[PDB]
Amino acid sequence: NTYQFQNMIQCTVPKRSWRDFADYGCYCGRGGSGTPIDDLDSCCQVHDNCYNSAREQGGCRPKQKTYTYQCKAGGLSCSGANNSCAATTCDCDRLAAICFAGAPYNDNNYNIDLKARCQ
């Protein structure tokens, strides 16, 4: 779920509050549309799509679904004791979190005017 996904972000990006990824570019945090503006915003697009693929499974809601994972030394792992849905949404978050650690953060791309930037 979100608190889990949010805790993952804190694991691989300790120098930055998750709130920083809540309104970044055209895809981070919000629902998403238009073209990404940087590698980070692109990570969020992939996360969006990942979640939409996790909806193809009956009664599978990424946002509310609880999974089993571990954050150690900065290294996320989704546990094997996870059903189909949890296993997929976890993997989505894991890959997203890892992508956030490598992508550079641009302040100019935080809380931008969507109407003029996304389309």
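All residue numbers refer to positions in the sequence shown, first residue = 1.
Between the two ranges 52-60 and 85-93, the one averaging a larger CA B factor in the entry: Stretch with the higher mean C-alpha B-factor: 52-60.
Residue range whose averaged C-alpha B-factor is higher in the record, 28-36 or 41-49: If you average the C-alpha B-factors of 41-49 and of 28-36, the larger mean comes out for 28-36.
Going by the CA temperature factor in the PDB record, which third of the chain does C11 belong to: lowest, middle or highest? Highest third of the chain for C11's C-alpha B-factor.
Could you place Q119 in the lowest, middle or highest third of its chain by Cα temperature factor, using the values in the record? According to the entry, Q119 has a C-alpha B-factor in the chain's highest third.
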